[PDB]
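The chain below stands alone and is given in structure tokens; this is the form deposited in one PDB entry.
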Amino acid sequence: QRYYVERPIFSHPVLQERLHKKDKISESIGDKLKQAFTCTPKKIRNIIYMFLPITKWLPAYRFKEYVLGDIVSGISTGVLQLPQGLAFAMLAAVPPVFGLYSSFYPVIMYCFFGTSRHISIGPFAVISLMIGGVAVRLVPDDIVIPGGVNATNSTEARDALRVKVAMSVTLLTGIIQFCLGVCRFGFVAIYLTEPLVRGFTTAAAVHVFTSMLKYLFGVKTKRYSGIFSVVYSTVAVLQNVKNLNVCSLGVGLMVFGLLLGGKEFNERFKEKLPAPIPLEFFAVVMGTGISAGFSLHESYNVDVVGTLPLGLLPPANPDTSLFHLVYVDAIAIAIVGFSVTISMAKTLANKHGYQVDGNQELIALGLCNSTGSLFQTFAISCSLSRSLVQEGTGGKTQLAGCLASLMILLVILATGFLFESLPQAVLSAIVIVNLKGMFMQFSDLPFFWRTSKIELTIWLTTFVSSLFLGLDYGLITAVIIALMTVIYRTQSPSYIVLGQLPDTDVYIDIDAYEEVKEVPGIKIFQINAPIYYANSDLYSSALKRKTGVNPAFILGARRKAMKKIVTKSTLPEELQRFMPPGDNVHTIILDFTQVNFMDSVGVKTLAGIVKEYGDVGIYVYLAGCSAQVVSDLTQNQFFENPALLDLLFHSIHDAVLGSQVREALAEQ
């Protein structure tokens, strides 16, 4: 009922003498490998449930509740896949049909191999932009085809060569992703914080907006990429806005307005409506119907999707020769794609709670990309707005994605010619209106401003670095800056001078309470950070500052007054009332409860502190050293003198009692 202890003062020697070490258990790397190579049925089942996750949940799928939600979610996400897929195919400098292949082959496989049950794997704009840049670089727009035969200008051969470049790029991306996954690369997903994921995603949103502005405005500018891409693209659009198409801009604007109104209607009418209406289906149908009936393309020169072929291309081995240079690109796409997909998988897991294993995620994506590259496709990561829509509608399982893949297959097989008249402005408006859920992530700035300025710094710096400095070189910069923020937290700790609560052993801050009173002749210093090379000199200077006791000025003042082995040396100064007034502190207790670790530089600084405080005549005691800290002290030869083991104490109260009893004994 009451805190009552009556024990002797537990310094380091006393506690070590009262204890006996317990025998260690066997540790053998050979034994670690031993059980691994022994086959057991349970681990065999676990290997399968780890590599083929569909074997786990699909036989246990619940038909009572999940069926309706998955059907609705699949319908909505496929209705979103179609225009997003076509537009993202347009973004990749490839014929629009290959977007449909990109949205069918890798979707079905992720159902077999993937982990997250709320994630939609379709083409993504930034990866599509990278592939389009790769295609442009290898085969430029102004390329002379040796075939001839046909009249002036040709598009089929150039597009075929571009899609072959994409086939090599995505095959290399899939191979790299599979190799990373099998080499246990899923641990790196732990370094993508929520602040670093949300900033990255919002930067990607801005990039997509500025990329599709070109098609929204009907302008025919360049495809500036790399560093400073967003600003270059937006200024190129702004300069060439004089060549805008009034018809295309008008149809795009009315499509965007209808989409925004429908989204607002769905949000307001969430409760009474059993399921959100497929608004994008109405938008696409109305756009293609208006374009076909009014013949906008032949009338006023409106950009159109084109002719979407009707049929499944037979599996085809991709070129591996292009791997010569596409390698530097493939690696970037595989990094960016993995980062984005694991970011949203972690977001969905935090929202709901399930297995989000990144290793099997990378394995599944690597298998999908390669097993798709052989099927006339391109790089496929997780889509962002579509994933948000799928999770919002009520998506429960991955069968929703399979339904979307089935509907896209139906579009490829039967209704591929209905969208041959669909204007590109409709696709641009559909893509832009779906970024709204991603631009809503800008609300984190006030919340993080109120919560923690370091998290706000991470958010702002990843947003800026992934906006103005590309999206592939922005992720690495953001991760490094997050790690340096951790280092900064370790390099600017809270230096607290402690004080003793009366009649108790509670030691808390002296500047933040009135009961807390300092123990006469004793000053306690606390640092809530490890003492290592980065914050060692800072720790020593703060110790000299806060406690008000620095050996340098004390020794100098002894010298000025004179003008007119044992750890410490007693003061030999002749009795004189010329010392500047002070509290004649005899011991300085250092709090090591919060010090996690110490390296060689920290140990050297600690030895220097002890030596220079003992030269003046002031003891230094270490309170609450952890086992690891004592190991670092012993290994770095801090305890060469066995008498330095008496400085350590188990707690602050033990150190204070030791100092008091030492002073009492010294008087006698």
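For the two forms, the rigid core is made up of the largest set of C-alpha atoms that agree within 1.5 Å on superposition. When you see a residue number, it is the position in the sequence shown, counting from 1.
Below, we turn to the form deposited in another entry, even though it does not appear here.
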| query | finding |
| --- | --- |
| Residue 27 C-alpha shift between the shown form and the other one of 2 Å or more, rigid core reference | yes |
| Per-residue C-alpha change between the shown form and the other one, residue 559, threshold 2 Å, rigid core fit | no |
| Per-residue C-alpha change between the shown form and the other one, residue 351, threshold 2 Å, rigid core fit | no |
| Inter-Cα distance between residue 30 and residue 635 in that other deposited form, nearer or further [3 Å or more] | closer |
